[PDB]
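I have placed the structure first, in the form of structure tokens, so that the comments after it can refer back to it.
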Amino acid sequence: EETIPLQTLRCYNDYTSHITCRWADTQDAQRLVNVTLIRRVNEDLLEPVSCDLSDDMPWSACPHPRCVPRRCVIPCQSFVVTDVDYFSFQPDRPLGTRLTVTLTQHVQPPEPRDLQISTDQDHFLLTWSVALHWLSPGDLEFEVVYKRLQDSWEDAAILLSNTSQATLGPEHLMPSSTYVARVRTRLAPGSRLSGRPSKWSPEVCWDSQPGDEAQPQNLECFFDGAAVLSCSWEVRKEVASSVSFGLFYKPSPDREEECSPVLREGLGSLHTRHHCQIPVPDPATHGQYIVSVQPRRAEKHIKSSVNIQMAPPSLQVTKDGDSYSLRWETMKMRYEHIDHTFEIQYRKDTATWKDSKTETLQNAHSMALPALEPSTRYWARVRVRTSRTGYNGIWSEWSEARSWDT
Amino acid sequence: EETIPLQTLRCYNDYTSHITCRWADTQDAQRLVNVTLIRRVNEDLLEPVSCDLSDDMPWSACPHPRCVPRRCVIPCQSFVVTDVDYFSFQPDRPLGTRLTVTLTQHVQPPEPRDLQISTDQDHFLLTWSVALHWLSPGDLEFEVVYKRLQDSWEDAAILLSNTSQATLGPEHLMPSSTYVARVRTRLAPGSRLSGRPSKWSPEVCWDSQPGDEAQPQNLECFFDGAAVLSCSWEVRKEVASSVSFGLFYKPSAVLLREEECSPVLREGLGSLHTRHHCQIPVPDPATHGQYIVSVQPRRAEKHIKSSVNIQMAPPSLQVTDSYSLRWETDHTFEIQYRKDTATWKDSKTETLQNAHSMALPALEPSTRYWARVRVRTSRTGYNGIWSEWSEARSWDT
Ligand SMILES: *[C@@H]1O[C@H](CO)[C@@H](O[C@@H]2O[C@H](CO)[C@@H](O[C@@H]3O[C@H](CO)[C@@H](O)[C@H](O)[C@@H]3O)[C@H](O)[C@H]2NC(C)=O)[C@H](O[C@@H]2O[C@@H](C)[C@@H](O)[C@@H](O)[C@@H]2O)[C@H]1NC(C)=O
Ligand SMILES: *[C@@H]1O[C@H](CO)[C@@H](O[C@@H]2O[C@H](CO)[C@@H](O[C@@H]3O[C@H](CO)[C@@H](O)[C@H](O)[C@@H]3O)[C@H](O)[C@H]2NC(C)=O)[C@H](O[C@@H]2O[C@@H](C)[C@@H](O)[C@@H](O)[C@@H]2O)[C@H]1NC(C)=O
Ligand SMILES: *[C@@H]1O[C@H](CO)[C@@H](O[C@@H]2O[C@H](CO)[C@@H](O)[C@H](O)[C@H]2NC(C)=O)[C@H](O[C@@H]2O[C@@H](C)[C@@H](O)[C@@H](O)[C@@H]2O)[C@H]1NC(C)=O
Ligand SMILES: *[C@H]1O[C@H](CO)[C@@H](O[C@@H]2O[C@H](CO)[C@@H](O)[C@H](O)[C@H]2NC(C)=O)[C@H](O[C@@H]2O[C@@H](C)[C@@H](O)[C@@H](O)[C@@H]2O)[C@H]1NC(C)=O
């Protein structure tokens with residue numbers, strides 16, 4: 001982006017005898033290189049310049065906290081409107097490098113492009129062209145790499161072609177996935193030329209044969225060569241939420257087992273990877289396994305006696321004299337012996353259950369009520385639950401609300 | 001990982017006539033599978049519970065933002081204390097996958113470990129180990145990959161060993177650089193085992209042989225096979241801030257003139273270097289099949305036109321009733337005078353164009369003032385910088 005010496009150099013003259021130059025350097029650079037100010041006479045003569053250290057930089061700022069300013073004086077006997085001095089910096093030693101390139105051994109073939117996919121049933125034909133007689137198409141060979149959209153490039157299958165197309169089939173692709181492919185051009189083993197391969201083409205992207213998107217997929221197993229067979233597979237996040245899969249394995253015929261525990265990991269935004277470690281205690285004897293991912297026996301055990309929601313009680317209102325009493329019955333349970341607790345509530349019509357007189361009774365079937373307001377409409381509800389050590393549950397829904405007036 | 005239908009299920013019964021269950025699917029899952037509630041009568045016997053949609057979830061929360069809650073009613077005569085029901089959920093269709101695996105065709109050997117570098121003069125001995133008669137060291141082959149720290153793994157050089165050390169020299173390594181290496185285990189070609197390599201060891205770093213830090217390094221030129229030879233190289237930022245490098249080429253009776261390539265594109269690689277690129281045009285590769293390519297300091301000069309960079313000498317000054325400033329040098333003069341407890345950015349400041357003289361107003365019959373001047377040109381195609389101040393001169397009024 002332009003040396004610091006060259007940025008900081010300002011050379012001003014008295015237009016009679018002098019030129020004074022001021023330029024700087026960094027210490028950072030000087031631990032590696034030093035440079036002289038050089039002035040040049042004609043297309044040939046290049047004269048050194050005599051500078052000494054200056055503690056200041058009054059003509060230009062130096063962008064770097066570690067500058068070493070210079071100040072130099074160059075004698076002259078002449079100045080004319082057209083005069084231009086040309087200034088340079090020579091480094092303390094020769095620095096450089098060379099390479100002798102034999103073109104035939106330094107070929108980077110052009111990158112493929114116009115990458116394109118067409119389905120033919122369950123195969124996909126991948127075409128591309130290359131912009132190109134020193135390098136003929138027969139010098140070329142192509143390298144295609146493909147992976148599911150959710151995978152590293154790290155882990156991807158290659159496919160080689162001597163022409164500029166390849167067919168990808170069901171031996172290469174898993175069904176109902178999005179695949180990505182890319183292609184680069186390589187020199188042919190047979191070419192009289194070598195170098196290195198092109199940069200990759202841009203990516204093309206496509207869906208494989210539709211199949212069933214719910215099916216778990218990509219079941220893989222690898223044996224450590226000792227005592228463990230590690231299997232992994234994927235299933236859609238949404239399907240794992242309605243279905244519990246297990247891993248089951250059994251030796252192929254010469255009793256069928258569940259692998260446990262299964263660990264889980266995100267795999268992109270739609271799949272979960274699960275892993276399992278199958279123990280193999282004798283790979284010599286039983287060295288072929290048949291392994292399945294399939295629905296587990298996953299049950300919620302629900303003990304009836306301990307999950308009872310009784311039916312709501314029937315409720316009625318009674319007078320008898322001028323004192324009113326609430327009564328309530330619950331459906332006969334064949335002959336069960338089971339204590340019941342009831343919760344009883346009543347409302348002034350113009351008021352809210354939330355803030356109401358809510359007494360609670362074990363094994364009672366009525367409740368006498370206090371005296372109450374002149375000619376008001378009233379409401380009442382009851383609910384039951386079991387209340388005995390063999391038993392448990394939730395309240396019954398409320399009885400129908402029973403109205404009435406004074 | 002309980003499923004949503006199962007986490008959600010609650011079944012309460014009236015201990016007389018039936019069981020009521022409530023539970024929930026998600027909309028998201030329903031796109032891929034629906035599920036039926038199932039009540040297991042006995043070991044051999046499952047039966048479908050008929051559920052229908054509910055607006056609510058009066059018995060358990062649903063941990064998805066879009067559930068499809070159900071309410072089922074299963075009738076029963078008969079209940080008693082010892083009773084446990086087993087409930088589950090059947091998919092709308094068979095789901096599964098099945099791989100049949102022969103262990104010898106499916107082996108992944110163990111990750112290498114304990115990567116070390118030792119130096120042997122200018123070589124580096126990398127060692128490691130693999131913790132294992134089913135799989136034996138002789139089944140094994142090690143693939144080692146290495147690279148400069150600042151490079152990607154994309155096409156790093158592989159070196160293969162069939163024992164658990166490898167050597168890396170100056171043939172493999174750029175001097176004065178930091179190398180990172182990792183190793184993984186593979187099945188030997190001649191092994192009757194097949195599978196896939198181990199995952200990579202942890203990385204190890206080391207500093208390659210020192211060389212001449214200051215040189216440009218890593219010149220690479222590649223020819224596209226038609227008309228162009230792209231070249232790249234690295235120079236250290238320190239050096240780059242002192243030397244402009246160029247790229248020069250000559251193609252292979254007597255030899256031709258050595259030519260300069262441009263433009264040179266620059267990009268910031270790693271902490272120490274910047275990377276440069278140049279495009280060389282090659283017209284007749286079948287005749288000039290060899291190009292010697294050099295990176296060296298260029299003719300990078302600053303053109304300074306004398307006439308537009310004049311700074312003059314300070315004028316000479318004097319002072320001589322009224323006091324008069326006179327000076328000797330198409331000029332512009334600035335004249336300053338001052339009081340003695342006041343500085344200059346307080347003092348009176350004045351421009352005089354092609355005057356060599358200046359008269360002064362009333363002054364204090366007490367004080368002893370100071371005065372400087374300086375100059376630049378006005379000559380019309382000319383420019384420069386103000387002169388230094390003239391000798392500051394004194395007098396007592
Ligand atoms: C570029 O030019 C400068 C100054 O001339 C060099 O910096 C100086 O390098 C000298 C070696 O020629 C050092 O001299 C030594 O000094 C010690 C005590 O200070 C003496 O006992 C002994 O006789 C040495 O000769 C000197 O220390 C150093 N100046 C500084 C910064 O103090 C420069 O060398 C390089 O620059 C600096 C930043 C230092 O780190 C150097 O050692 C370094 O190599 C010259 N650069 C090159 C690459 O040739
Ligand atoms: C799980 O079962 C649910 C609900 O029964 C299925 O979703 C439902 O699919 C019905 C298709 O059978 C859709 O009803 C349709 O209405 C439209 C008009 O709006 C008609 O064109 C069409 O012929 C039907 O009459 C309905 O869209 C849908 N119900 C809900 C609440 O979404 C589900 O099937 C799957 O989900 C959607 C994408 C469906 O439309 C189907 O194409 C799809 O397979 C069942 N799950 C599965 C995997 O079968
Ligand atoms: C595994 O690596 C060994 C140690 O480096 C191999 O020996 C070397 O590899 C070459 C085979 O391509 C061989 O010609 C070299 O001269 C030899 N170098 C040294 C100094 O060890 C070994 O190769 C086998 O054993 C050698 C001695 C030869 O007889 C080869 O024909 C063998 O393939 C490799 N191990 C095996 C058994 O594959
Ligand atoms: C690139 O060109 C050819 C057409 O696709 C391939 O030739 C094939 O050679 C096989 C030899 O055993 C053989 O199956 C086929 O007859 C033939 N394929 C057909 C019918 O088109 C070629 O494969 C190479 O050719 C053979 C002779 C060997 O040299 C192999 O090592 C080659 O792989 C194709 N590409 C590659 C790289 O495989």
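A note on labels: chains of the structure tokens are A, B, ... as shown, every chain counts residues from 1, and ligands are counted from 1 in their shown order.
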
Distance query region 203-207 of chain B at most 9 Å, only C-alpha atoms, self and fewer than 6 positions along chain excluded, as a PDB file with C-alpha atoms, in the first residue's frame:
```
ATOM      1  CA  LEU B 115       1.274 -36.291  19.240  1.00  0.00           C
ATOM      2  CA  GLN B 116       4.774 -34.970  19.759  1.00  0.00           C
ATOM      3  CA  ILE B 117       7.319 -33.132  17.722  1.00  0.00           C
ATOM      4  CA  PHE B 124      11.230 -32.886  12.866  1.00  0.00           C
ATOM      5  CA  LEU B 149      -0.794 -22.344  10.880  1.00  0.00           C
ATOM      6  CA  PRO B 175      11.394 -21.975   6.900  1.00  0.00           C
ATOM      7  CA  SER B 176      10.599 -19.451   9.666  1.00  0.00           C
ATOM      8  CA  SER B 177       6.967 -20.551   9.846  1.00  0.00           C
ATOM      9  CA  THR B 178       4.642 -22.272  12.267  1.00  0.00           C
ATOM     10  CA  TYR B 179       3.385 -25.613  11.323  1.00  0.00           C
ATOM     11  CA  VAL B 180       0.387 -27.406  12.685  1.00  0.00           C
ATOM     12  CA  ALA B 181       0.056 -31.243  12.204  1.00  0.00           C
ATOM     13  CA  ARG B 182      -2.582 -33.886  13.000  1.00  0.00           C
ATOM     14  CA  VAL B 183      -2.695 -37.693  12.402  1.00  0.00           C
TER      15      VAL B 183
END
```

### Message
Applying 9 Å and only C-alpha atoms, which residues near region 385-390 of chain B remain after dropping the ones on its own chain fewer than 2 positions away? List them as an NGL selection string.
### Response
(:A and (12)) or (:B and (309-317 or 371-377 or 383 or 392-393))

Once you have the residues from the selection above, write them out as an mmCIF file, in the first residue's frame, restricted to N, CA and C atoms.
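Output (again_10.cif):
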```cif
data_model
loop_
_atom_site.group_PDB
_atom_site.id
_atom_site.type_symbol
_atom_site.label_atom_id
_atom_site.label_comp_id
_atom_site.auth_asym_id
_atom_site.auth_seq_id
_atom_site.Cartn_x
_atom_site.Cartn_y
_atom_site.Cartn_z
ATOM 1 N N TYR A 12 11.722 19.769 0.373
ATOM 2 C CA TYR A 12 11.612 21.182 0.037
ATOM 3 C C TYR A 12 12.959 21.836 -0.220
ATOM 4 N N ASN B 309 7.693 23.050 -4.446
ATOM 5 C CA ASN B 309 8.116 22.654 -3.124
ATOM 6 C C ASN B 309 9.194 23.559 -2.556
ATOM 7 N N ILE B 310 9.066 24.852 -2.817
ATOM 8 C CA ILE B 310 10.004 25.817 -2.269
ATOM 9 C C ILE B 310 9.628 26.140 -0.837
ATOM 10 N N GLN B 311 10.595 25.978 0.056
ATOM 11 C CA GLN B 311 10.584 26.696 1.304
ATOM 12 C C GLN B 311 11.766 27.621 1.225
ATOM 13 N N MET B 312 11.567 28.894 1.539
ATOM 14 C CA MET B 312 12.676 29.833 1.550
ATOM 15 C C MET B 312 13.386 29.921 2.896
ATOM 16 N N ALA B 313 14.588 30.466 2.824
ATOM 17 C CA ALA B 313 15.316 30.861 3.999
ATOM 18 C C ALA B 313 14.495 31.940 4.748
ATOM 19 N N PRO B 314 14.658 32.016 6.094
ATOM 20 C CA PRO B 314 14.023 33.146 6.782
ATOM 21 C C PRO B 314 14.586 34.468 6.234
ATOM 22 N N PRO B 315 13.730 35.482 6.063
ATOM 23 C CA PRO B 315 14.263 36.806 5.773
ATOM 24 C C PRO B 315 15.232 37.240 6.866
ATOM 25 N N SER B 316 16.115 38.178 6.551
ATOM 26 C CA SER B 316 16.844 38.905 7.565
ATOM 27 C C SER B 316 16.012 40.142 7.959
ATOM 28 N N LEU B 317 16.029 40.502 9.244
ATOM 29 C CA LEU B 317 15.146 41.543 9.798
ATOM 30 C C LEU B 317 15.929 42.647 10.497
ATOM 31 N N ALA B 371 9.547 40.761 17.368
ATOM 32 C CA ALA B 371 9.077 40.825 15.985
ATOM 33 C C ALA B 371 9.757 39.777 15.112
ATOM 34 N N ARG B 372 8.966 38.965 14.419
ATOM 35 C CA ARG B 372 9.550 38.067 13.452
ATOM 36 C C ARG B 372 8.768 38.223 12.149
ATOM 37 N N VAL B 373 9.321 37.673 11.059
ATOM 38 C CA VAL B 373 8.691 37.644 9.728
ATOM 39 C C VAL B 373 8.981 36.315 9.098
ATOM 40 N N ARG B 374 8.280 35.976 8.028
ATOM 41 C CA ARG B 374 8.667 34.846 7.191
ATOM 42 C C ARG B 374 8.092 34.991 5.802
ATOM 43 N N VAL B 375 8.481 34.100 4.889
ATOM 44 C CA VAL B 375 8.028 34.189 3.498
ATOM 45 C C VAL B 375 7.682 32.932 2.725
ATOM 46 N N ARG B 376 6.896 33.123 1.678
ATOM 47 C CA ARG B 376 6.579 32.074 0.702
ATOM 48 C C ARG B 376 6.480 32.762 -0.693
ATOM 49 N N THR B 377 6.262 32.008 -1.782
ATOM 50 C CA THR B 377 6.050 32.686 -3.067
ATOM 51 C C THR B 377 4.583 32.901 -3.343
ATOM 52 N N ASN B 383 4.740 27.126 -5.510
ATOM 53 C CA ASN B 383 4.171 26.787 -4.195
ATOM 54 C C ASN B 383 5.249 26.349 -3.229
ATOM 55 N N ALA B 392 14.074 36.468 15.455
ATOM 56 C CA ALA B 392 13.331 37.424 16.297
ATOM 57 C C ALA B 392 14.225 38.611 16.787
ATOM 58 N N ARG B 393 13.814 39.841 16.443
ATOM 59 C CA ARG B 393 14.521 41.108 16.791
ATOM 60 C C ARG B 393 13.793 41.948 17.874
#
```

Up to 6 Å from chain A, what residues of chain B turn up? Count only C-alpha atoms and give them as an mmCIF file with C-alpha atoms, in the first residue's frame.
```
data_model
loop_
_atom_site.group_PDB
_atom_site.id
_atom_site.type_symbol
_atom_site.label_atom_id
_atom_site.label_comp_id
_atom_site.auth_asym_id
_atom_site.auth_seq_id
_atom_site.Cartn_x
_atom_site.Cartn_y
_atom_site.Cartn_z
ATOM 1 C CA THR B 3 -42.178 -38.122 23.249
ATOM 2 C CA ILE B 4 -44.773 -35.383 23.293
ATOM 3 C CA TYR B 12 -58.227 -40.614 34.813
ATOM 4 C CA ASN B 13 -61.070 -42.999 35.330
ATOM 5 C CA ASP B 14 -64.272 -42.943 37.270
ATOM 6 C CA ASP B 28 -45.310 -30.207 13.049
ATOM 7 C CA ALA B 29 -45.205 -34.004 13.569
ATOM 8 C CA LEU B 32 -44.896 -36.645 8.800
ATOM 9 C CA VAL B 81 -56.820 -51.850 43.011
ATOM 10 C CA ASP B 83 -54.814 -52.682 38.096
ATOM 11 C CA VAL B 84 -52.163 -50.937 36.027
ATOM 12 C CA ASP B 85 -52.805 -49.868 32.492
ATOM 13 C CA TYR B 86 -50.055 -49.740 29.903
ATOM 14 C CA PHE B 87 -50.513 -47.046 27.339
ATOM 15 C CA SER B 88 -48.494 -46.342 24.198
ATOM 16 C CA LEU B 95 -41.038 -46.827 10.392
ATOM 17 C CA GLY B 96 -37.459 -48.255 10.620
ATOM 18 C CA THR B 97 -34.063 -49.068 9.012
ATOM 19 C CA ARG B 98 -31.889 -52.053 9.181
ATOM 20 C CA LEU B 99 -28.196 -52.516 8.339
ATOM 21 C CA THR B 100 -26.519 -55.820 8.402
ATOM 22 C CA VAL B 101 -22.874 -55.316 9.424
ATOM 23 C CA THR B 102 -19.944 -57.658 9.048
ATOM 24 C CA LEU B 103 -17.383 -56.344 11.588
ATOM 25 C CA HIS B 106 -16.899 -51.936 9.237
ATOM 26 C CA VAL B 107 -13.873 -51.085 11.270
ATOM 27 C CA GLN B 108 -12.803 -47.703 12.475
ATOM 28 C CA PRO B 109 -9.350 -48.008 14.063
ATOM 29 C CA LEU B 135 -6.916 -55.608 15.199
ATOM 30 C CA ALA B 214 13.186 -10.868 5.577
ATOM 31 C CA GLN B 215 12.982 -12.372 2.021
ATOM 32 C CA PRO B 216 9.780 -12.569 0.146
ATOM 33 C CA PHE B 222 0.376 -21.338 -12.118
ATOM 34 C CA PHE B 223 -0.464 -21.245 -15.772
ATOM 35 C CA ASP B 224 -4.117 -21.522 -16.864
ATOM 36 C CA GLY B 225 -3.061 -23.407 -19.966
ATOM 37 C CA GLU B 238 7.364 -4.958 8.548
ATOM 38 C CA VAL B 239 9.428 -5.239 5.428
ATOM 39 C CA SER B 241 6.383 -0.983 4.961
ATOM 40 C CA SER B 242 9.938 -0.315 3.912
ATOM 41 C CA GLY B 289 7.545 -22.791 -22.107
ATOM 42 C CA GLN B 290 9.902 -21.550 -19.413
ATOM 43 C CA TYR B 291 9.603 -18.238 -17.574
ATOM 44 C CA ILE B 292 12.033 -17.134 -14.880
ATOM 45 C CA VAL B 293 10.023 -15.106 -12.407
ATOM 46 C CA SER B 294 11.505 -12.900 -9.757
ATOM 47 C CA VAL B 295 10.170 -10.767 -6.979
ATOM 48 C CA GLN B 296 12.463 -7.820 -6.231
ATOM 49 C CA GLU B 301 9.966 6.667 -6.739
ATOM 50 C CA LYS B 302 8.490 9.887 -5.445
ATOM 51 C CA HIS B 303 8.510 12.668 -8.092
ATOM 52 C CA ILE B 304 9.135 15.966 -6.376
ATOM 53 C CA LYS B 305 8.853 19.045 -8.607
ATOM 54 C CA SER B 306 11.286 21.635 -7.283
ATOM 55 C CA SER B 307 9.155 24.632 -8.301
ATOM 56 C CA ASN B 309 8.116 22.654 -3.124
ATOM 57 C CA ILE B 310 10.004 25.817 -2.269
ATOM 58 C CA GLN B 311 10.584 26.696 1.304
ATOM 59 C CA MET B 312 12.676 29.833 1.550
#
```

- Check the DSSP output for the backbone and give back, as a PyMOL selection string, the residues of region 80-152 of chain B in strand (DSSP E). chain B and resi 84-91+97-102+113-120+123-129+140-148

For the residues in that selection, give me C-alpha atoms as an mmCIF file, in the first residue's frame.
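Once everything was written out, this is out.cif:
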```cif
data_model
loop_
_atom_site.group_PDB
_atom_site.id
_atom_site.type_symbol
_atom_site.label_atom_id
_atom_site.label_comp_id
_atom_site.auth_asym_id
_atom_site.auth_seq_id
_atom_site.Cartn_x
_atom_site.Cartn_y
_atom_site.Cartn_z
ATOM 1 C CA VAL B 84 -52.163 -50.937 36.027
ATOM 2 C CA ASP B 85 -52.805 -49.868 32.492
ATOM 3 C CA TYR B 86 -50.055 -49.740 29.903
ATOM 4 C CA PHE B 87 -50.513 -47.046 27.339
ATOM 5 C CA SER B 88 -48.494 -46.342 24.198
ATOM 6 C CA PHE B 89 -48.723 -44.616 20.787
ATOM 7 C CA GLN B 90 -48.643 -46.415 17.396
ATOM 8 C CA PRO B 91 -47.345 -44.668 14.269
ATOM 9 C CA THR B 97 -34.063 -49.068 9.012
ATOM 10 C CA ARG B 98 -31.889 -52.053 9.181
ATOM 11 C CA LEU B 99 -28.196 -52.516 8.339
ATOM 12 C CA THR B 100 -26.519 -55.820 8.402
ATOM 13 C CA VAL B 101 -22.874 -55.316 9.424
ATOM 14 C CA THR B 102 -19.944 -57.658 9.048
ATOM 15 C CA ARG B 113 -2.866 -39.877 20.524
ATOM 16 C CA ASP B 114 0.159 -38.219 22.209
ATOM 17 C CA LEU B 115 1.274 -36.291 19.240
ATOM 18 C CA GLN B 116 4.774 -34.970 19.759
ATOM 19 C CA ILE B 117 7.319 -33.132 17.722
ATOM 20 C CA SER B 118 11.007 -33.649 18.472
ATOM 21 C CA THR B 119 13.645 -31.851 16.541
ATOM 22 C CA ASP B 120 16.516 -33.640 14.936
ATOM 23 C CA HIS B 123 14.262 -32.362 10.644
ATOM 24 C CA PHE B 124 11.230 -32.886 12.866
ATOM 25 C CA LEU B 125 10.364 -36.333 14.214
ATOM 26 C CA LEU B 126 6.579 -36.463 14.846
ATOM 27 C CA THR B 127 5.525 -39.402 17.118
ATOM 28 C CA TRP B 128 2.312 -40.764 18.593
ATOM 29 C CA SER B 129 0.484 -43.875 19.515
ATOM 30 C CA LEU B 140 -2.800 -50.149 10.568
ATOM 31 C CA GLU B 141 -1.585 -47.288 8.489
ATOM 32 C CA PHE B 142 -1.158 -43.699 9.589
ATOM 33 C CA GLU B 143 -1.976 -40.716 7.490
ATOM 34 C CA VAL B 144 -0.398 -37.481 8.566
ATOM 35 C CA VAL B 145 -1.503 -34.089 7.406
ATOM 36 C CA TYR B 146 0.391 -30.846 8.037
ATOM 37 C CA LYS B 147 0.242 -27.203 7.048
ATOM 38 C CA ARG B 148 1.201 -23.698 7.995
#
```

| said: Residues contacting ligand 4 - anything with an atom at most 7 Å away, using only C-alpha atoms and all ligand atoms - can you give me those as a PyMOL selection string? | reply: chain A and resi 160-162

Keeping only C-alpha atoms, take the residues you just selected and write them out as a tab-separated table (two decimals), in the first residue's frame.
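Contents of the output file again-v7.tsv:
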```
chain	number	residue	atom	x	y	z
A	160	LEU	CA	-13.94	-38.95	-10.86
A	161	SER	CA	-14.82	-38.30	-14.54
A	162	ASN	CA	-12.65	-38.13	-17.72
```

List as an MDAnalysis selection string the protein and nucleic acid residues lying within 8 Å of ligand 3, with only C-alpha atoms and all ligand atoms counted. chainID B and resid 138 161:163 190

Original post:
Taking only C-alpha atoms and all ligand atoms into account, which residues are within 6 Å of ligand 2, as an MDAnalysis selection string?
Top reply: chainID B and resid 30:34

Discussion item. List as an NGL selection string the protein and nucleic acid residues near residue 49 (chain A), meaning an atom at most 9 Å away when only C-alpha atoms are counted, but skip any in the same chain fewer than 3 places from it.
Written reply: :A and (36-39 or 72-74)

Output N, CA and C atoms of each residue in that selection to a file, as a PDB file, in the first residue's frame.
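Writing done, so here's out35.pdb:
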```pdb
ATOM      1  N   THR A  36      18.251   3.484   2.294  1.00  0.00           N
ATOM      2  CA  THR A  36      18.899   4.779   2.142  1.00  0.00           C
ATOM      3  C   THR A  36      17.971   5.647   1.334  1.00  0.00           C
ATOM      4  N   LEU A  37      18.022   6.965   1.502  1.00  0.00           N
ATOM      5  CA  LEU A  37      17.348   7.824   0.526  1.00  0.00           C
ATOM      6  C   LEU A  37      18.212   7.892  -0.743  1.00  0.00           C
ATOM      7  N   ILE A  38      17.598   7.729  -1.907  1.00  0.00           N
ATOM      8  CA  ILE A  38      18.341   7.743  -3.151  1.00  0.00           C
ATOM      9  C   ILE A  38      17.740   8.778  -4.084  1.00  0.00           C
ATOM     10  N   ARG A  39      18.604   9.558  -4.729  1.00  0.00           N
ATOM     11  CA  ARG A  39      18.166  10.512  -5.736  1.00  0.00           C
ATOM     12  C   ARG A  39      18.740  10.135  -7.084  1.00  0.00           C
ATOM     13  N   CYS A  72      17.916  15.254   5.557  1.00  0.00           N
ATOM     14  CA  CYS A  72      19.051  15.195   4.630  1.00  0.00           C
ATOM     15  C   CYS A  72      19.173  16.454   3.822  1.00  0.00           C
ATOM     16  N   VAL A  73      20.393  16.772   3.424  1.00  0.00           N
ATOM     17  CA  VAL A  73      20.612  17.982   2.682  1.00  0.00           C
ATOM     18  C   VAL A  73      21.251  17.589   1.369  1.00  0.00           C
ATOM     19  N   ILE A  74      20.702  18.065   0.259  1.00  0.00           N
ATOM     20  CA  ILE A  74      21.296  17.719  -1.026  1.00  0.00           C
ATOM     21  C   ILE A  74      21.766  19.000  -1.753  1.00  0.00           C
TER      22      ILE A  74
END
```

inquiry  = I need the residues in region 100-298 of chain B that are alpha helix (DSSP H) according to DSSP; give them as a ChimeraX atom specification.
reply    = /B:237-240

note - CA of residue 386 (chain A) and CA of residue 364 (chain A) are separated by 13.0 Å

Nearby residues (only C-alpha atoms) at most 9 Å from region 369-381 of chain A, same-chain spacing under 4 positions excluded, as number ranges by chain: A: 315-317, 322-326, 343-350, 398-406

- Got a sec: who's within 10 Å of residue 47 (chain B), counting only C-alpha atoms, leaving out chain neighbours fewer than 6 positions off, as a ChimeraX atom specification? /B:36-41,87
